[PDB]
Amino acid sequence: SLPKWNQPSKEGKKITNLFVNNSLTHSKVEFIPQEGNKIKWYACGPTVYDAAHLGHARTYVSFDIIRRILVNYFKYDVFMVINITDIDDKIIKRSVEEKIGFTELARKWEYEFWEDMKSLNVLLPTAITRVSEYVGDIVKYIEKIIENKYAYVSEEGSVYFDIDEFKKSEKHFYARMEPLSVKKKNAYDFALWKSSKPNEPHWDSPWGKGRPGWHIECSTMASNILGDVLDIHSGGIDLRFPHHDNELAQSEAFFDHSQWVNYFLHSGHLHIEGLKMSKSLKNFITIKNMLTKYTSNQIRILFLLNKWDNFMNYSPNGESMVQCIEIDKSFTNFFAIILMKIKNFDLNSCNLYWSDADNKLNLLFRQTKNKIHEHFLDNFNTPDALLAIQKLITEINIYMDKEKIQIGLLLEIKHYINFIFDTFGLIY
C-alpha cells in the first residue's frame, strides 16, 4: 500500500555521488541521470497577473543556484523548462477589474517577471512554455488519457481524471508524495478540462468550449518538451500536493508507465513574520521594491544562507539583510585587495621562494576546495559552502597583509573564488 521508487541504473551515467532530498522517497538519495550526464528538468513557473515578490525570488533564485551548481560546478548537461501560467482564474478576475484583456495582462506581468529574474541574475530556462500557446497540445493530451480509460467526460462538457480507475492498476499509485492528503464519480476526481462559461476566455475541444485544468497544463508542456521521463521536476513545497501529485498521475496515465519523474525537488517557501509571503495576506515585498533597498548580490546571499529545501523566515526592516550586507561587504573588500595586489605585483623585484607561509595558505586552499565539494554533494548545502569561503578569505586577507606574496597562488585563489561566486550567482 506504499508507493515504490526505482533508482536509475548507474551504468553508463555520470556519477558524482551527489545526494538530493527527493520528495518521492522523502529522503536524501543519490542522484543518477536517466541518460549519460544529462538532466531533463521542469520547474513550475509563476501565474502572471501581478508583480513578482520576494517569495517568488526565493523559489527561482534557489533553483537558479541549484542549476548553476549542476552545470557550472558538476558539469551536468541541463535541459531546463519553466512554464508561464498565463491562463488562470486569477488572471481572468484581475483582467475584468482592470478592464484589460486577459492576454494583455498576462504578457505584461510575464515581462516584468523575467525582468525581475534577470535583475536577480537568474538564468532563463532552455524553453519557456506558456499555457496559452499549448492549448492544442493539452487537448490532445487529454484525448489520450481518455483513450487509456483514466478520464471521463461529464454531461456539461468537462473532463475529469478518474482516481479510482487509476489506483486500480498495479502499475499506478495516486498521490505518491502525499498519500495521506487525499457529475464526478468521486469527489477527489479533478478536472482536466473545465467547461467554460460563455463570458470566460475559452478554447474549442471535442468536449465543448472550455479551459484547461491547472494540473494538466504542466503535464502537457513538460511531456511535450522533455518526454516520458524527467530527471528533475521542481516547485515550491506547497505545490507537492495536489498539483504535483496530480501531474504524476496524469503523465503516468498518458504514457501508461509507473515513474514520470525520478527526482522531485521542493523548495521551502519564504515566510515573513511566520506567514508565507502572499498577495492575499498583504505582507509582500515586490522584487523591484527590494532592489531599491538592496543589491542583487545581497538578496542572493540571503537565499544562499538558507538551505533551499528548508522553510525560511524573513525579518523585514533590514533585520535579515544585516548579515547579507556584512558578507557582501567582506567579499567586495577581499576582491578589492586581491585584484589590486595581482595588478600591481612586480615580477622584476620580487622574491618567489615558496615559504612556509605560502605552503600553509596553499594547504588551507586545497582543503577548502574539498570541503565545498562535500557541501555541494550534501544536497546543495550552500550555507556551509558560503561559510567555508568566508573562513578562507579571512586567512587570505591576513596573508596578503603580512606575508611575501606568491603572485601565482593569489591568482589561482582568485580564480577559484570567482568560480564559486559564478556558481552562487554573485557578481563582483
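From 1 onward, residues are counted along the sequence shown. Only the largest set of C-alpha atoms that superpose within 1.5 Å between the two forms is called the rigid core.
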{"property": "Stretch farther from the shown model on average in 8 other deposited structures of this protein, with CA RMS computed after core superposition (268 to 276, 67 to 75)", "result": "268 to 276"}
{"property": "Of 163 to 171 and 336 to 344, which departs more from this form in 8 other deposited structures of this protein by CA RMS after core fitting", "result": "336 to 344"}
{"property": "Residue 96 to residue 97: deposited residues without atomic coordinates", "result": "none"}
{"property": "Comparing 139 to 147 with 291 to 299, the one whose average Cα B-factor in the PDB entry is higher", "result": "139 to 147"}
{"property": "Selected stretch [higher average CA B-factor]: 343 to 351 or 162 to 170", "result": "162 to 170"}
{"property": "Residue, from 212, 125, 235, 268, that the PDB entry assigns the highest Cα B-factor", "result": "212"}
{"property": "Residue of maximum C-alpha B factor among 152, 73, 111, 331, per deposited coordinates", "result": "152"}
{"property": "Residue 9 CA temperature factor, ranked by third within the chain", "result": "highest"}
{"property": "Ranked against its chain, the third holding the CA B-factor of residue 116", "result": "lowest"}
{"property": "Relative C-alpha B-factor of residue 79, binned into the chain's lowest, middle or highest third", "result": "lowest"}
{"property": "Residue 395 - which third its CA temperature factor falls in, relative to the rest of the chain", "result": "middle"}
{"property": "Where the record places residue 50 (Cα B-factor, split into thirds across the chain)", "result": "middle"}
